[PDB]
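Subsequent text provides structure tokens for two forms of one protein chain, presented individually as structure 1 and structure 2.
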Structure 1
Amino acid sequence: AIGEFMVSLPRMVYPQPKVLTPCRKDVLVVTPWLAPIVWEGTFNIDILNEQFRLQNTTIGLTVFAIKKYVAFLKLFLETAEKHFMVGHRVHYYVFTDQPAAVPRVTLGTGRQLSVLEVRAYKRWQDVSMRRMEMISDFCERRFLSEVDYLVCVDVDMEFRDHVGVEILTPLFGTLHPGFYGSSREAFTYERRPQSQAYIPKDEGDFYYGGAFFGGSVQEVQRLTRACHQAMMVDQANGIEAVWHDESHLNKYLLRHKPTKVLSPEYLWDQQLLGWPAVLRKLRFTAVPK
């Protein structure tokens, strides 16, 4: 459950935080709306694990494996078992057009997987964009009565390192790995005013990646419904956003500030971008395709 009040921790021994000697001096670790930006060195996972375990937190993880992308499921799930919310309750939701093709993956205690049979759209853009509709529909159908938080990710990925409760919050987005160091005028936001995803050159905080977002079930339901509705308006008006669901995701988080922002540790492509000094860990990374 998501507790309405602070929880009481037991005695713990850990290094004292030092007010005058911050660990991370190379990156911004808080947004101008005072949401943490999550990098290695900014959190003590022991304290956070205690806080969330004490609430018996259940985390849902949605992933779409439509048509040939079912091939990505084995590695995705096997590596999630090693790295994703270990110690906590996890409910995987696998959206697929081929239930029989979902690999048999052995799960740790307290972890379960549900297979959701869905339509396969012809255009890859529609497969990607319709995720918003399908998530929003299932936020109502299932997630609201089943999980506390939802984490929505791409399937063509693997976990290489810890992805834990440090990300959980009412609403989070993730810094796109290609653009975290870019100026806002360079962001590939939708720039046509005719699109609902329109963002002018003088607005924008970050470029968030469509491959990793989440939050409380109610905030994710609102986000996904909003994005789908905006995409349908665009479709009626004969327009498709330059980067599809990601463009609408970016318009949504511009107007509704996320309560945490994940660093590109959480969404990386080592093949395309290497391993910069600013990344101490590569947590969730692209698989070649």
Structure 2
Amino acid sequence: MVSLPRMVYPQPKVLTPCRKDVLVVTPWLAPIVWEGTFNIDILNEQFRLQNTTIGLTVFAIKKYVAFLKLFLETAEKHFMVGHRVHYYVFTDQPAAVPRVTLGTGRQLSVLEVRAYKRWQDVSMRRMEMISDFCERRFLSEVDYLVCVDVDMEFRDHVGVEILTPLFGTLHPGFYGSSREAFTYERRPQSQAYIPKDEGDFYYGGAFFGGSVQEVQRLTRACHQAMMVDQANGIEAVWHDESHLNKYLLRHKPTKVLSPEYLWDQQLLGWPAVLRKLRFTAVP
């Protein structure tokens, strides 16, 4: 990219690990993003000089519209602050979207979801609609897409350190688990099947993203795999999350976010290995 200006910051210490308690790079040389691994001033400079725009997608269906107010208010406080942001709120109730005041350079669009009589089409809807909109809007409007669940709140910084062609996030229930305990789809009849001796991580369906092109590829692949399963009369154990995990096994993400980025404090507390709780379940 274009040149960085002069900056004064502490010298990296080649002979001091940035973390001694966690893995900070995958075996395919993707950073695993934890507090202490990044200097956000450097990263903010890099992404601002590229005039980066980040799209954030969220689905709020039926009673989940109640979560939008806190979700958006806290995103204003913590998500990509200083950068251009475009929120895309997919909902069955446009009139229920709260009026949240946004900072400068930040916009929100409301998109109405296709109503479906079939639960099967509802299960596939997020991957289908994200894939479809990667064509209708996102390619023209944003550089990266971040796809998250709405029943959540931002409690701390979530910023440009996550941005990369393709990322997944360590599910908070499994980051310390052996792969045989991961709740992957285990039936060979499903497109999402992963055998007991395969798997890097258990990624959460509640937080993934990347460049628009990589997100279009991921979501199309997952949608097409779910349609195959539907034809074959099988529903993966964890729905689109199972397919996300199959996709990221075979297409390795270029960053992995630590569970700082996807947490549930009620269920899991605040372990010492989490220096920050950034994006968390609402009680």
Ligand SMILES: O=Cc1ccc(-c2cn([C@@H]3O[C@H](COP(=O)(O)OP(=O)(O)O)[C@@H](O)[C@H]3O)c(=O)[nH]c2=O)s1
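All residue numbers here refer to structure 1's sequence, counted from 1. Think of the rigid core as the biggest set of C-alphas that the two forms share within 1.5 Å after superposition.
- Of the two forms shown, the one deposited with the ligand bound is structure 1, not structure 2.
- In the core-aligned comparison between structures 1 and 2, the C-alpha of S128 is the only one from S136, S128, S216, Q98 that shifts by 2 Å or more.
- If you fit the rigid core between structures 1 and 2, you'll see the Cα of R119 move by 2 angstroms or more.
- Core superposition places the C-alpha of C23 2.7 Å apart between structures 1 and 2.
- In the core-aligned comparison between structures 1 and 2, the Cα atom of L150 sits 0.1 Å away from its counterpart.
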